[PDB]
Ligand SMILES: CCCCCCCC/C=C\CCCCCCCC(=O)O[C@H](COC(=O)CCCCCCC/C=C/CCCCCCCC)COP(=O)(O)OCCN
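Chains as they are written, first to last, in this note's numbering: chain A, 915 to 985; chain B, 3 to 85.
Set out below in C-alpha cells:
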C-alpha cells in the first residue's frame, strides 16, 4: 500500500563532479631564480675572501713563531 | 649582430647547459687578466715565510738591510693587515 521505493538520485540532481586537469603554475620567473642564485654566490665569495685573507695572516704569524724558535 | 643573436637564442633554447658552461669557462679565462688583486695574490704568496731567513754577514755597506727585525728597513706587511 506504500509508494515504490528505489535507489534514486535526489530531486533536482547531483552537484557538479570535477573531471578536468588541474596542474596550477605556482612558480617564479626564471630571472628571479637566476638572480637569487647569483646573489648567493656573490655573498659567499665576499665572505670567503675575507676569511681566507685572515687565515693567510694567521698562517704567517705562526710561521714567524716557528722562525723565532728555530735557532 | 642578428645572426649571432639568433644562434645564441637557439642555443639557449636547446642547450642551456652548454651555453652556461662556455660562458663560465670564458669568464674564467678572461677575468684574471683584468683584475688588480692578482698582484696582491702573488705578493701574499711571496710573503709566506716557509723557510728560515738566513742573515747576511755585515760588511758595512748595506744601508737597506736591518740589523734587527723591528728596525725600519726591509719589507713591510702593513698593506696586508688592511687587505
Ligand atoms: C671559451 C670557452 C672555452 C672553455 C670553456 C668550456 C668548458 C667545457 C665546455 C665544453 C665541453 C664540451 C662541449 C662539446 C660540444 C658538443 C656540441 C654538440 O655537438 O652537441 C649537440 C648539441 O649542441 C648543439 O646543438 C651544437 C652546439 C650548440 C651551441 C652550444 C654553445 C655554443 C656557444 C654558446 C655560448 C657562448 C658563450 C656564452 C655567452 C652568453 C650570452 C651573452 C648534439 O647534442 P646531442 O646530445 O647529440 O643531441 C641528442 C638529443 N637531440
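Every residue, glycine too, gets a C-beta built ideally from N, C-alpha and C.
Exposure label - residue i; buried when at least 16 CB within 10 Å
i                     : result
residue 46 of chain B : buried
Heavy atom of ligand 1 within 6 Å of residue i beta-carbon
i                      : result
residue 23 of chain B  : yes
residue 975 of chain A : no
residue 27 of chain B  : yes
residue 33 of chain B  : no
residue 972 of chain A : no
residue 949 of chain A : no
residue 17 of chain B  : yes
residue 3 of chain B   : no
residue 36 of chain B  : no
residue 13 of chain B  : yes
residue 20 of chain B  : yes
Contacts of residue i in chain A (Cβ-Cβ under 9 Å)
i                     : result
residue 82 of chain B : 967, 970, 971 and 974
Inter-residue Cα distance where the pair is residue i and residue j
i                      : j                      : result
residue 2 of chain B   : residue 976 of chain A : As shown, chain B starts at 3 and ends at 85. That puts residue 2 of chain B outside it, with no answer to give.
residue 52 of chain B  : residue 958 of chain A : 29 Å
residue 936 of chain A : residue 930 of chain A : 16 Å
residue 980 of chain A : residue 80 of chain B  : 21 Å
residue 949 of chain A : residue 5 of chain B   : 27 Å
residue 60 of chain B  : residue 49 of chain B  : 24 Å
Amino acids of chain A, ordered along the chain, whose beta-carbon sits closer than 8 Å to that of residue i
i                     : result
residue 49 of chain B : 974
residue 85 of chain B : 967
Amino acids of chain B, ordered along the chain, whose beta-carbon sits closer than 8 Å to that of residue i
i                      : result
residue 981 of chain A : 51, 54 and 55
residue 977 of chain A : 50, 51 and 52
Closer than 9 Å at the beta carbon, the chain B residues around residue i
i                      : result
residue 984 of chain A : 54
Cross-chain neighbours of residue i in chain A, by beta carbon under 7 Å
i                     : result
residue 46 of chain B : 970
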